[PDB]
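Heads up, the thing below is written out as structure tokens.
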Amino acid sequence: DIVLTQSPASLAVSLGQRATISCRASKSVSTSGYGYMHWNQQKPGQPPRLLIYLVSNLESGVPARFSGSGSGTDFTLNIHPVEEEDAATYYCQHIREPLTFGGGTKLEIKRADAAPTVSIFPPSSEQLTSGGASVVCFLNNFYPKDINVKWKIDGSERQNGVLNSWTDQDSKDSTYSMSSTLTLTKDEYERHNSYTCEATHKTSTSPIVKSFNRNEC
Amino acid sequence: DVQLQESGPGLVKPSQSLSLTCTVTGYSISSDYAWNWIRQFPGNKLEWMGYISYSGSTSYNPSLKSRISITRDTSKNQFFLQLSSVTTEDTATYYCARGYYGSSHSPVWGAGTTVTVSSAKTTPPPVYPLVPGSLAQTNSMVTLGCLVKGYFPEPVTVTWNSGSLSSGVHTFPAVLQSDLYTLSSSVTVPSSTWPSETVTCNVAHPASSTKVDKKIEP
């Protein structure tokens with residue numbers, strides 16, 4: 001029942017910044033024998049790695065930047081020049097059995113605005129000929145992630161039947177990419193003409209529009 | 001060279017028994033540290049399940065006690081996990097580690113292996129190309145895509161032109177309207193090369209031992 005609630009949960013910063021977090025238990029874990037602590041990290045797509053141990057003992061990895069502190073009950077991880085690739089999720093764990101973990105903090109760096117490069121895609125032929133017809137719409141390399149999107153079948157708005165999905169930020173160019181996929185049936189599809197997907201971002205008052213009619217059949 | 005990588009199934013029917021092995025190389029089990037198991041639910045969740053001391057002694061998480069068990073085989077430097085009475089919350093990624101016995105000091109985490117528990121059969125995925133259609137893109141740099149829709153369960157590996165050229169590729173995380181996963185991948189390739197140089201979509205659904213490449217054209 002020994003907790004380790006960690007805070008904050010998320011976090012937006014820029015190249016270089018005092019990224020210092022805390023993990024507070026409901027008992028001691030630093031001074032009571034061999035049990036101390038540790039802060040691991042993990043890039044979305046790989047299991048955690050070692051960074052700290054024994055509460056404040058940097059690993060052979062790449063210390064100096066990251067630093068462990070506090071002991072007994074409340075501890076604190078600290079990295080000063082928030083390196084770019086540092087983006088990841090940070091965790092804390094103790095050892096007084098059953099070894100429990102702290103919530104975890106998502107760390108996403110801030111960068112300059114960027115309008116999404118929208119591109120629309122008509123249903124694949126192989127698909128249409130299967131009663132299924134699904135229109136897709138890509139929004140690449142934009143930031144901030146905040147962004148509303150909407151489809152207008154023959155002008156009207158389409159609510160249900162769409163599945164959106166975002167990619168997390170990358171090291172290369174700290175940006176986001178989202179993908180929208182309005183699905184429907186072969187029938188109703190051919191029942192209409194134009195297919196539009198409008199996006200609203202803070203990068204442009206006026207909504208980014210890309211669409212198409214079936215002028216090629 | 002302490003290499004430890006877990007292996008087991010990937011999809012299992014609930015209220016059954018899941019049991020995966022973790023093999024370690026470079027070091028010997030009967031030599032130090034505790035060898036535990038840990039699972040991670042969709043973000044914000046990590047849970048220590050239990051361990052096995054080089055001594056051969058074991059300590060389980062009170063939560064999964066009476067439903068778990070950890071054995072080993074000194075002769076093959078590999079330790080195992082047995083979870084019975086599996087439901088749905090038991091769907092997470094599974095990692096094994098060398099969390100130093102006694103308390104903690106220098107851990108070593110496996111790669112991982114996901115395990116989803118469900119009734120859903122195991123269906124493959126049909127891939128569909130995402131060609132453009134002569135615009136102002138047919139002058140600049142064209143963006144092509146590829147759509148994987150309706151397979152079960154995760155994961156799914158997509159690449160572009162068998163790995164050849166990954167610069168400028170965004171593969172989006174799978175979702176589900178019913179009990180089927182759909183996912184998409186995009187690739188922005190230079191306009192002056194599209195038509196001529198062919199582009200091929202690559203997708204493999206291990207679970208169904210599926211493999212599919214899909215060329216793309218106007």
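Starting from 1 in every chain, residues are counted up; chains themselves are A, B, ... following the order of the structure tokens, and ligands are numbered from 1 as listed.
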- Query: Got a sec to pull out which chain A residues are within 9 Å of chain B, counting only C-alpha atoms, and send them as number ranges by chain?
  - Reply: A: 33-38, 46-50, 53-54, 94-105, 119-127, 136, 138, 140, 161, 163-168, 177-179
- Message: Excluding residue 115 (chain B) and its own-chain neighbours fewer than 4 positions away, which residues fall within 6 Å of it when counting only C-alpha atoms? Please give them as an NGL selection string.
- Response: :B and (10-11 or 91-93)
- List the neighbours of region 185-196 of chain A out to 10 Å using only C-alpha atoms; skip same-chain residues closer than 5 positions along the sequence, and give me the result as JSON, numbers by chain. {"A": [120, 121, 122, 123, 127, 128, 129, 130, 131, 132, 133, 134, 135, 137, 150, 151, 152, 153, 154, 155, 156, 157, 209, 210, 211, 212, 213, 214, 215]}
With C-alpha atoms retained, could you export that selection as an mmCIF file, in the first residue's frame?
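Final output, saved to selection_33.cif:
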```cif
data_model
loop_
_atom_site.group_PDB
_atom_site.id
_atom_site.type_symbol
_atom_site.label_atom_id
_atom_site.label_comp_id
_atom_site.auth_asym_id
_atom_site.auth_seq_id
_atom_site.Cartn_x
_atom_site.Cartn_y
_atom_site.Cartn_z
ATOM 1 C CA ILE A 120 -6.425 14.501 -48.639
ATOM 2 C CA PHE A 121 -6.766 10.957 -50.025
ATOM 3 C CA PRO A 122 -9.673 9.366 -51.934
ATOM 4 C CA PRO A 123 -10.657 5.747 -51.225
ATOM 5 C CA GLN A 127 -11.445 -0.865 -51.149
ATOM 6 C CA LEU A 128 -14.432 0.681 -52.864
ATOM 7 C CA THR A 129 -14.894 -2.717 -54.516
ATOM 8 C CA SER A 130 -15.467 -4.254 -51.078
ATOM 9 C CA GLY A 131 -18.423 -2.225 -49.831
ATOM 10 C CA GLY A 132 -15.941 -0.302 -47.780
ATOM 11 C CA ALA A 133 -14.866 3.182 -48.697
ATOM 12 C CA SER A 134 -12.802 5.309 -46.340
ATOM 13 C CA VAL A 135 -11.455 8.805 -46.906
ATOM 14 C CA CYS A 137 -6.756 13.161 -44.286
ATOM 15 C CA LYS A 150 -13.726 18.512 -39.582
ATOM 16 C CA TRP A 151 -15.198 16.921 -42.682
ATOM 17 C CA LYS A 152 -17.886 18.375 -44.930
ATOM 18 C CA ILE A 153 -19.550 15.753 -47.118
ATOM 19 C CA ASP A 154 -21.180 17.779 -49.897
ATOM 20 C CA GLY A 155 -21.011 20.798 -47.634
ATOM 21 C CA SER A 156 -22.597 19.421 -44.469
ATOM 22 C CA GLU A 157 -20.596 18.502 -41.369
ATOM 23 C CA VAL A 209 -9.022 23.541 -46.546
ATOM 24 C CA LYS A 210 -8.280 20.573 -48.836
ATOM 25 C CA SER A 211 -11.051 18.646 -50.541
ATOM 26 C CA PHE A 212 -12.183 17.100 -53.788
ATOM 27 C CA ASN A 213 -15.156 16.218 -55.973
ATOM 28 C CA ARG A 214 -15.462 13.064 -58.065
ATOM 29 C CA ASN A 215 -14.515 14.809 -61.335
#
```
- Query: What are the DSSP strand (DSSP E or B) residues of region 5-155 of chain B, as an NGL selection string?
  - Reply: :B and (5-7 or 11-12 or 18-25 or 34 or 36-41 or 45-53 or 58-60 or 68-73 or 78-83 or 92-97 or 109 or 113-117 or 127-130 or 142-151)
Those same residues - C-alpha atoms - I'd like them written as an mmCIF file, in the first residue's frame.
```cif
data_model
loop_
_atom_site.group_PDB
_atom_site.id
_atom_site.type_symbol
_atom_site.label_atom_id
_atom_site.label_comp_id
_atom_site.auth_asym_id
_atom_site.auth_seq_id
_atom_site.Cartn_x
_atom_site.Cartn_y
_atom_site.Cartn_z
ATOM 1 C CA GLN B 5 14.763 -10.977 -23.581
ATOM 2 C CA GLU B 6 11.269 -12.280 -22.879
ATOM 3 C CA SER B 7 9.225 -14.472 -25.196
ATOM 4 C CA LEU B 11 -2.979 -13.051 -27.648
ATOM 5 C CA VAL B 12 -4.902 -15.191 -25.141
ATOM 6 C CA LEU B 18 -0.700 -16.888 -19.358
ATOM 7 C CA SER B 19 2.859 -18.048 -18.958
ATOM 8 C CA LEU B 20 5.930 -16.566 -20.518
ATOM 9 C CA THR B 21 9.627 -17.333 -20.201
ATOM 10 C CA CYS B 22 12.480 -14.859 -19.810
ATOM 11 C CA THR B 23 15.944 -16.015 -20.821
ATOM 12 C CA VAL B 24 19.138 -14.247 -19.724
ATOM 13 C CA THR B 25 22.557 -14.430 -21.334
ATOM 14 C CA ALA B 34 16.711 -10.974 -7.862
ATOM 15 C CA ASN B 36 11.613 -10.102 -11.292
ATOM 16 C CA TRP B 37 8.748 -9.465 -13.711
ATOM 17 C CA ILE B 38 6.981 -6.183 -14.372
ATOM 18 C CA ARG B 39 4.032 -5.177 -16.555
ATOM 19 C CA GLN B 40 3.073 -1.780 -17.985
ATOM 20 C CA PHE B 41 -0.489 -0.794 -18.832
ATOM 21 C CA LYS B 45 0.950 2.454 -15.056
ATOM 22 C CA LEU B 46 3.782 0.188 -13.975
ATOM 23 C CA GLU B 47 3.424 -2.699 -11.589
ATOM 24 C CA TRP B 48 6.025 -4.854 -9.901
ATOM 25 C CA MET B 49 4.672 -8.383 -9.994
ATOM 26 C CA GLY B 50 7.275 -10.379 -8.100
ATOM 27 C CA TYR B 51 10.800 -11.834 -8.188
ATOM 28 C CA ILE B 52 13.038 -14.877 -7.775
ATOM 29 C CA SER B 53 16.271 -14.650 -5.774
ATOM 30 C CA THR B 58 10.426 -15.795 -4.253
ATOM 31 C CA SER B 59 8.364 -12.744 -3.308
ATOM 32 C CA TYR B 60 5.106 -11.843 -5.060
ATOM 33 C CA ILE B 68 0.930 -16.012 -9.894
ATOM 34 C CA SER B 69 4.105 -18.132 -9.588
ATOM 35 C CA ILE B 70 7.765 -17.736 -10.588
ATOM 36 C CA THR B 71 10.000 -20.711 -11.472
ATOM 37 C CA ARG B 72 13.463 -21.183 -12.942
ATOM 38 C CA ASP B 73 15.889 -23.614 -14.576
ATOM 39 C CA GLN B 78 15.963 -18.755 -17.866
ATOM 40 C CA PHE B 79 13.181 -17.881 -15.392
ATOM 41 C CA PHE B 80 9.418 -17.972 -15.927
ATOM 42 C CA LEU B 81 6.097 -16.336 -15.103
ATOM 43 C CA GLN B 82 2.722 -17.990 -14.577
ATOM 44 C CA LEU B 83 -0.434 -15.907 -14.217
ATOM 45 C CA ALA B 92 -0.259 -4.771 -20.881
ATOM 46 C CA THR B 93 3.331 -5.059 -22.010
ATOM 47 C CA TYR B 94 5.522 -7.548 -20.092
ATOM 48 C CA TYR B 95 9.178 -6.884 -19.130
ATOM 49 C CA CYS B 96 11.620 -8.933 -17.007
ATOM 50 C CA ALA B 97 14.526 -7.364 -15.100
ATOM 51 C CA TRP B 109 15.369 -4.580 -18.422
ATOM 52 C CA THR B 113 6.516 -8.357 -25.195
ATOM 53 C CA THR B 114 2.933 -7.269 -25.220
ATOM 54 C CA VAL B 115 0.053 -9.464 -24.239
ATOM 55 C CA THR B 116 -3.528 -8.655 -24.861
ATOM 56 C CA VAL B 117 -6.307 -10.756 -23.390
ATOM 57 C CA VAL B 127 -3.581 -2.835 -46.861
ATOM 58 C CA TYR B 128 -4.737 -0.064 -49.184
ATOM 59 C CA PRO B 129 -2.658 2.453 -51.081
ATOM 60 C CA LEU B 130 -3.122 6.219 -50.757
ATOM 61 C CA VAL B 142 4.395 14.611 -52.956
ATOM 62 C CA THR B 143 2.965 12.879 -49.907
ATOM 63 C CA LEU B 144 1.946 9.263 -50.249
ATOM 64 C CA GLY B 145 0.342 7.011 -47.707
ATOM 65 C CA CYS B 146 -0.732 3.482 -47.009
ATOM 66 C CA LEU B 147 -3.648 2.190 -44.963
ATOM 67 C CA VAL B 148 -3.791 -0.886 -42.771
ATOM 68 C CA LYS B 149 -7.327 -1.535 -41.626
ATOM 69 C CA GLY B 150 -8.952 -4.335 -39.608
ATOM 70 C CA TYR B 151 -6.483 -6.714 -37.923
#
```
- Contacts of residue 107 (chain A) at 12 Å or less, counting only C-alpha atoms, minus same-chain residues fewer than 4 places along, as a ChimeraX atom specification? /A:7-15,17,19-21,41-44,79,82-91,168-170,174
Store the residues picked out above in a file with N, CA and C atoms, as an mmCIF file, in the first residue's frame.
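Everything below was put into part.cif:
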```cif
data_model
loop_
_atom_site.group_PDB
_atom_site.id
_atom_site.type_symbol
_atom_site.label_atom_id
_atom_site.label_comp_id
_atom_site.auth_asym_id
_atom_site.auth_seq_id
_atom_site.Cartn_x
_atom_site.Cartn_y
_atom_site.Cartn_z
ATOM 1 N N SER A 7 4.690 14.253 -9.175
ATOM 2 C CA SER A 7 4.131 15.468 -9.772
ATOM 3 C C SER A 7 5.221 16.432 -10.216
ATOM 4 N N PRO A 8 4.949 17.230 -11.264
ATOM 5 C CA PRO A 8 3.702 17.278 -12.034
ATOM 6 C C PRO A 8 3.517 16.073 -12.934
ATOM 7 N N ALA A 9 2.439 16.082 -13.708
ATOM 8 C CA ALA A 9 2.148 14.970 -14.602
ATOM 9 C C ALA A 9 2.734 15.168 -16.006
ATOM 10 N N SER A 10 2.504 16.344 -16.581
ATOM 11 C CA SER A 10 3.017 16.672 -17.911
ATOM 12 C C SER A 10 4.043 17.763 -17.710
ATOM 13 N N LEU A 11 4.495 18.379 -18.799
ATOM 14 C CA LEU A 11 5.464 19.463 -18.683
ATOM 15 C C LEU A 11 6.019 20.001 -20.005
ATOM 16 N N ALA A 12 5.787 21.294 -20.255
ATOM 17 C CA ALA A 12 6.266 21.968 -21.468
ATOM 18 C C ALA A 12 7.396 22.943 -21.133
ATOM 19 N N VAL A 13 8.556 22.735 -21.747
ATOM 20 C CA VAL A 13 9.706 23.593 -21.507
ATOM 21 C C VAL A 13 10.463 23.774 -22.813
ATOM 22 N N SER A 14 11.524 24.583 -22.795
ATOM 23 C CA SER A 14 12.330 24.816 -23.996
ATOM 24 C C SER A 14 13.799 24.468 -23.764
ATOM 25 N N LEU A 15 14.543 24.228 -24.843
ATOM 26 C CA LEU A 15 15.965 23.891 -24.723
ATOM 27 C C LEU A 15 16.600 24.636 -23.550
ATOM 28 N N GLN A 17 16.386 24.423 -19.227
ATOM 29 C CA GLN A 17 15.379 24.795 -18.244
ATOM 30 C C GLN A 17 15.486 23.865 -17.034
ATOM 31 N N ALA A 19 14.420 21.443 -15.091
ATOM 32 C CA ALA A 19 13.406 20.418 -15.026
ATOM 33 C C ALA A 19 13.697 19.677 -13.728
ATOM 34 N N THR A 20 12.966 20.038 -12.671
ATOM 35 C CA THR A 20 13.124 19.411 -11.355
ATOM 36 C C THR A 20 11.767 18.918 -10.828
ATOM 37 N N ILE A 21 11.656 17.602 -10.649
ATOM 38 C CA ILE A 21 10.419 16.983 -10.168
ATOM 39 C C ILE A 21 10.571 16.260 -8.832
ATOM 40 N N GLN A 41 13.862 6.264 -17.486
ATOM 41 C CA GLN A 41 13.201 7.053 -18.496
ATOM 42 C C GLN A 41 12.928 6.142 -19.656
ATOM 43 N N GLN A 42 12.117 6.598 -20.598
ATOM 44 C CA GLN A 42 11.862 5.769 -21.752
ATOM 45 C C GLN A 42 11.260 6.523 -22.922
ATOM 46 N N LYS A 43 11.930 6.390 -24.065
ATOM 47 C CA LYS A 43 11.509 7.015 -25.310
ATOM 48 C C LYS A 43 10.321 6.195 -25.811
ATOM 49 N N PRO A 44 9.205 6.852 -26.175
ATOM 50 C CA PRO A 44 8.046 6.086 -26.653
ATOM 51 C C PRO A 44 8.428 5.067 -27.720
ATOM 52 N N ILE A 79 17.368 18.124 -14.020
ATOM 53 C CA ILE A 79 18.135 18.270 -15.254
ATOM 54 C C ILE A 79 18.056 19.749 -15.607
ATOM 55 N N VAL A 82 17.706 21.155 -20.476
ATOM 56 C CA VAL A 82 16.760 20.211 -21.074
ATOM 57 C C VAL A 82 17.102 19.856 -22.513
ATOM 58 N N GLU A 83 18.057 18.950 -22.689
ATOM 59 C CA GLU A 83 18.475 18.513 -24.015
ATOM 60 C C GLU A 83 17.245 18.158 -24.838
ATOM 61 N N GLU A 84 17.349 18.325 -26.147
ATOM 62 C CA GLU A 84 16.241 18.039 -27.044
ATOM 63 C C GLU A 84 15.702 16.616 -26.987
ATOM 64 N N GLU A 85 16.576 15.636 -27.192
ATOM 65 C CA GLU A 85 16.158 14.237 -27.174
ATOM 66 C C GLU A 85 15.637 13.781 -25.811
ATOM 67 N N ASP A 86 15.946 14.546 -24.769
ATOM 68 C CA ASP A 86 15.491 14.225 -23.423
ATOM 69 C C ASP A 86 13.996 13.907 -23.364
ATOM 70 N N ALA A 87 13.252 14.344 -24.374
ATOM 71 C CA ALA A 87 11.820 14.095 -24.420
ATOM 72 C C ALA A 87 11.593 12.633 -24.094
ATOM 73 N N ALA A 88 10.725 12.375 -23.127
ATOM 74 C CA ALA A 88 10.421 11.010 -22.723
ATOM 75 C C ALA A 88 9.500 11.059 -21.523
ATOM 76 N N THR A 89 9.334 9.922 -20.861
ATOM 77 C CA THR A 89 8.505 9.857 -19.673
ATOM 78 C C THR A 89 9.412 9.477 -18.508
ATOM 79 N N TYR A 90 9.293 10.181 -17.391
ATOM 80 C CA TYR A 90 10.148 9.886 -16.254
ATOM 81 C C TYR A 90 9.421 9.216 -15.100
ATOM 82 N N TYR A 91 10.056 8.192 -14.544
ATOM 83 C CA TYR A 91 9.493 7.400 -13.460
ATOM 84 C C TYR A 91 10.398 7.315 -12.244
ATOM 85 N N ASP A 168 3.364 11.009 -31.369
ATOM 86 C CA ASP A 168 3.956 11.858 -30.359
ATOM 87 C C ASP A 168 5.088 12.631 -30.990
ATOM 88 N N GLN A 169 5.550 13.654 -30.290
ATOM 89 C CA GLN A 169 6.617 14.493 -30.803
ATOM 90 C C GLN A 169 7.896 13.708 -31.095
ATOM 91 N N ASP A 170 8.667 14.162 -32.083
ATOM 92 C CA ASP A 170 9.915 13.479 -32.414
ATOM 93 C C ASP A 170 11.153 14.325 -32.144
ATOM 94 N N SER A 174 10.780 18.807 -33.413
ATOM 95 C CA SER A 174 9.752 18.804 -32.375
ATOM 96 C C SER A 174 8.381 19.199 -32.863
#
```
- Exercise: region 203-208 of chain B partners within 7 Å, only C-alpha atoms, chain neighbours under 6 positions left out, as a PyMOL selection string: chain B and resi 122+124+155-159
- Task: Once DSSP has gone over the backbone, tell me which residues of region 86-216 of chain B are in helix (DSSP H, G or I), as a PyMOL selection string.
- Result: chain B and resi 191-193+206-208
With N, CA and C atoms kept, could you save the residues just selected as a tab-separated table (two decimals), in the first residue's frame?
```tsv
chain	number	residue	atom	x	y	z
B	191	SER	N	8.76	15.27	-55.20
B	191	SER	CA	7.93	15.23	-56.39
B	191	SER	C	8.65	14.77	-57.66
B	192	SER	N	9.82	15.35	-57.94
B	192	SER	CA	10.55	14.99	-59.14
B	192	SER	C	10.91	13.51	-59.25
B	193	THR	N	10.55	12.71	-58.25
B	193	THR	CA	10.87	11.28	-58.28
B	193	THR	C	9.70	10.30	-58.14
B	206	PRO	N	2.75	-10.19	-37.37
B	206	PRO	CA	3.36	-11.38	-36.76
B	206	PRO	C	2.34	-12.43	-36.31
B	207	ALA	N	1.39	-11.97	-35.50
B	207	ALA	CA	0.33	-12.80	-34.96
B	207	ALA	C	-0.28	-13.72	-36.01
B	208	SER	N	-0.43	-13.23	-37.23
B	208	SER	CA	-1.00	-14.04	-38.30
B	208	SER	C	0.11	-14.39	-39.27
```
- Query: In Å, how far is it from CA of residue 26 (chain A) to CA of residue 3 (chain A)?
  - Reply: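 So the answer is 5.9 Å.
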- Message: When you look at residue 202 (chain A) with a cut-off of 12 Å (counting only C-alpha atoms), what residues show up, excluding the ones that are within fewer than 4 positions of it in the same chain? I need them as a list in words.
- Response: residues 112, 113, 114, 115, 116, 142, 143, 144, 145, 146, 147, 148, 206, 207 and 208 of chain A
Expected file contents, prior selection, N, CA, C and O atoms, as a PDB file, in the first residue's frame:
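Okay, again_35.pdb is ready:
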```pdb
ATOM      1  N   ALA A 112       8.675  26.545 -32.177  1.00  0.00           N
ATOM      2  CA  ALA A 112       7.946  27.567 -32.925  1.00  0.00           C
ATOM      3  C   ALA A 112       6.691  27.018 -33.598  1.00  0.00           C
ATOM      4  O   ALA A 112       6.640  25.841 -33.962  1.00  0.00           O
ATOM      5  N   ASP A 113       5.678  27.869 -33.770  1.00  0.00           N
ATOM      6  CA  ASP A 113       4.445  27.436 -34.418  1.00  0.00           C
ATOM      7  C   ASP A 113       4.781  26.798 -35.772  1.00  0.00           C
ATOM      8  O   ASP A 113       5.903  26.927 -36.270  1.00  0.00           O
ATOM      9  N   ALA A 114       3.813  26.103 -36.359  1.00  0.00           N
ATOM     10  CA  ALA A 114       4.019  25.455 -37.642  1.00  0.00           C
ATOM     11  C   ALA A 114       2.686  24.981 -38.175  1.00  0.00           C
ATOM     12  O   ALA A 114       1.989  24.206 -37.529  1.00  0.00           O
ATOM     13  N   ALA A 115       2.342  25.457 -39.364  1.00  0.00           N
ATOM     14  CA  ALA A 115       1.090  25.105 -40.009  1.00  0.00           C
ATOM     15  C   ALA A 115       1.175  23.697 -40.522  1.00  0.00           C
ATOM     16  O   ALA A 115       2.194  23.284 -41.068  1.00  0.00           O
ATOM     17  N   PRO A 116       0.104  22.927 -40.353  1.00  0.00           N
ATOM     18  CA  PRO A 116       0.144  21.553 -40.844  1.00  0.00           C
ATOM     19  C   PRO A 116       0.068  21.486 -42.361  1.00  0.00           C
ATOM     20  O   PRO A 116      -0.579  22.303 -43.011  1.00  0.00           O
ATOM     21  N   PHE A 142       3.028  19.778 -37.566  1.00  0.00           N
ATOM     22  CA  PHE A 142       2.503  21.011 -37.039  1.00  0.00           C
ATOM     23  C   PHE A 142       2.788  21.050 -35.552  1.00  0.00           C
ATOM     24  O   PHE A 142       3.237  20.066 -34.964  1.00  0.00           O
ATOM     25  N   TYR A 143       2.541  22.212 -34.967  1.00  0.00           N
ATOM     26  CA  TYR A 143       2.729  22.454 -33.549  1.00  0.00           C
ATOM     27  C   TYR A 143       2.203  23.859 -33.349  1.00  0.00           C
ATOM     28  O   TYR A 143       2.455  24.739 -34.167  1.00  0.00           O
ATOM     29  N   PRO A 144       1.477  24.093 -32.255  1.00  0.00           N
ATOM     30  CA  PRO A 144       1.128  23.132 -31.204  1.00  0.00           C
ATOM     31  C   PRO A 144       0.161  22.031 -31.635  1.00  0.00           C
ATOM     32  O   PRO A 144      -0.488  22.132 -32.677  1.00  0.00           O
ATOM     33  N   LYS A 145       0.075  20.993 -30.803  1.00  0.00           N
ATOM     34  CA  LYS A 145      -0.797  19.838 -31.022  1.00  0.00           C
ATOM     35  C   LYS A 145      -2.267  20.229 -31.029  1.00  0.00           C
ATOM     36  O   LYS A 145      -3.081  19.586 -31.684  1.00  0.00           O
ATOM     37  N   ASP A 146      -2.610  21.269 -30.278  1.00  0.00           N
ATOM     38  CA  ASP A 146      -3.989  21.741 -30.220  1.00  0.00           C
ATOM     39  C   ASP A 146      -4.454  21.996 -31.644  1.00  0.00           C
ATOM     40  O   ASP A 146      -3.848  22.796 -32.351  1.00  0.00           O
ATOM     41  N   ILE A 147      -5.519  21.326 -32.071  1.00  0.00           N
ATOM     42  CA  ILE A 147      -6.011  21.530 -33.427  1.00  0.00           C
ATOM     43  C   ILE A 147      -7.322  20.842 -33.693  1.00  0.00           C
ATOM     44  O   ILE A 147      -7.445  19.648 -33.490  1.00  0.00           O
ATOM     45  N   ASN A 148      -8.303  21.592 -34.168  1.00  0.00           N
ATOM     46  CA  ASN A 148      -9.581  20.980 -34.475  1.00  0.00           C
ATOM     47  C   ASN A 148      -9.646  20.676 -35.962  1.00  0.00           C
ATOM     48  O   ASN A 148      -9.069  21.389 -36.766  1.00  0.00           O
ATOM     49  N   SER A 206      -7.963  31.739 -40.620  1.00  0.00           N
ATOM     50  CA  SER A 206      -8.739  31.064 -41.642  1.00  0.00           C
ATOM     51  C   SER A 206      -8.398  29.570 -41.711  1.00  0.00           C
ATOM     52  O   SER A 206      -7.239  29.174 -41.800  1.00  0.00           O
ATOM     53  N   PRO A 207      -9.423  28.724 -41.674  1.00  0.00           N
ATOM     54  CA  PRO A 207      -9.266  27.276 -41.727  1.00  0.00           C
ATOM     55  C   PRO A 207      -8.602  26.756 -42.991  1.00  0.00           C
ATOM     56  O   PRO A 207      -8.956  27.150 -44.104  1.00  0.00           O
ATOM     57  N   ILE A 208      -7.646  25.850 -42.793  1.00  0.00           N
ATOM     58  CA  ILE A 208      -6.892  25.217 -43.870  1.00  0.00           C
ATOM     59  C   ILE A 208      -7.815  24.243 -44.574  1.00  0.00           C
ATOM     60  O   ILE A 208      -8.239  23.274 -43.959  1.00  0.00           O
TER      61      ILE A 208
END
```
- How far is it from CA of residue 32 (chain B) to CA of residue 67 (chain B), in Å with one decimal?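 Rounded to one decimal, the two atoms are 26.3 Å apart.
Between CA of residue 199 (chain B) and CA of residue 214 (chain B) the separation is 8.2 Å.
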Residue 198 (chain B) surroundings by only C-alpha atoms, 8 Å radius, close-in-sequence under 2 positions cut, as a PDB file with N, CA and C atoms, in the first residue's frame:
```
ATOM      1  N   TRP B 194       8.538  10.792 -57.718  1.00  0.00           N
ATOM      2  CA  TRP B 194       7.379   9.931 -57.508  1.00  0.00           C
ATOM      3  C   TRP B 194       7.066   8.946 -58.635  1.00  0.00           C
ATOM      4  N   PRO B 195       6.191   9.311 -59.587  1.00  0.00           N
ATOM      5  CA  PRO B 195       5.894   8.340 -60.644  1.00  0.00           C
ATOM      6  C   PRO B 195       7.025   7.367 -61.010  1.00  0.00           C
ATOM      7  N   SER B 196       8.111   7.907 -61.559  1.00  0.00           N
ATOM      8  CA  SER B 196       9.264   7.119 -61.994  1.00  0.00           C
ATOM      9  C   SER B 196       9.773   6.117 -60.974  1.00  0.00           C
ATOM     10  N   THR B 200       6.948   1.470 -52.346  1.00  0.00           N
ATOM     11  CA  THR B 200       6.277   0.295 -51.804  1.00  0.00           C
ATOM     12  C   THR B 200       6.050   0.310 -50.296  1.00  0.00           C
ATOM     13  N   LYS B 215       2.952  -1.676 -53.670  1.00  0.00           N
ATOM     14  CA  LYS B 215       3.507  -0.661 -54.524  1.00  0.00           C
ATOM     15  C   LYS B 215       2.433   0.397 -54.644  1.00  0.00           C
ATOM     16  N   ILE B 216       2.814   1.583 -55.076  1.00  0.00           N
ATOM     17  CA  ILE B 216       1.864   2.662 -55.207  1.00  0.00           C
ATOM     18  C   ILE B 216       2.037   3.374 -56.546  1.00  0.00           C
ATOM     19  N   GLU B 217       0.912   3.673 -57.207  1.00  0.00           N
ATOM     20  CA  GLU B 217       0.918   4.406 -58.489  1.00  0.00           C
ATOM     21  C   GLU B 217      -0.377   5.189 -58.772  1.00  0.00           C
TER      22      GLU B 217
END
```
